[PDB]
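Before any questions on binding or motion, here is one chain by itself as structure tokens, the form deposited in one PDB entry.
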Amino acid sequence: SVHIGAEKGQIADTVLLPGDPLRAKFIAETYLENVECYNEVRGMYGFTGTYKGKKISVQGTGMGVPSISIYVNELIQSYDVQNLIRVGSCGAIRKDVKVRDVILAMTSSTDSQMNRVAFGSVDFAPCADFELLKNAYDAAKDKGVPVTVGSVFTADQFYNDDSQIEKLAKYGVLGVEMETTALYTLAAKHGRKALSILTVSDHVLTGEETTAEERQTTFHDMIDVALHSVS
């Protein structure tokens, strides 16, 4: 394909999709065996290894709906990827989402226009694949990793002047990131399975920041949950 430099076969059925190519590299080297770099196009790294003798690829997506839209589409159409699990971070916008919680996005809201372009007068609500979602839930509970399930917001603009997250906070929406809507929409469009697992980077509404050691513990929890979600 155009944005991915793999050959036939270099990419597994199941892909983790972190935002940051350097987290992709870090995840591949830390949790996966017999690792290969199959893509260095644009510095957006893709690696394939094995976890408990199952093939698993890890492809950085970049930030924003357009970036992930390109890689999801090309992972699906050109490499027949079946399961797409995003593993990133979001900004918590409610007091009750706690800094160690691992979030499983059931659906996403958005101020992207990608779906108004498609459906016009329809509000399209992207849906996670429940099968994936459920395995991710049970893998969390099993170990007793704390976990929260609900909706997120897919922002188009990180530094938003007209930010309505204060309203979305009052409808139960959990946090803001910039990718989920695009993942779920394209996955669904193509008959593939998708889920987003998010850790809390900060609390947006009180400025309050997570420490580097909490972030590091929840990240581990996230990747680990993810790794037992398929089947």
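We call the rigid core whatever largest set of C-alpha positions still superposes within 1.5 Å between the two forms. Note that residue numbering begins at 1 and tracks the sequence as displayed.
In what follows, reference is made to the form deposited in another entry, a form of this protein that is not presented.
*Picking from 20, 214, 221, 13, which residue has its CA shift by 2 Å or more between this form and the one not shown, once the rigid core of the two forms is superposed?*
Per the superposition, the moving residue is 214.
*Cα-Cα shift for residue 214 and residue 94, closer or farther in the other entry, minimum 3 Å*: So the answer is farther.
*asked:* Between the shown chain and the other structure, the Cα gap of residue 213 to residue 63 differs by 3 Å or more. Is it closer or farther in the other entry?
replied: Relative to this form, closer in the other entry.
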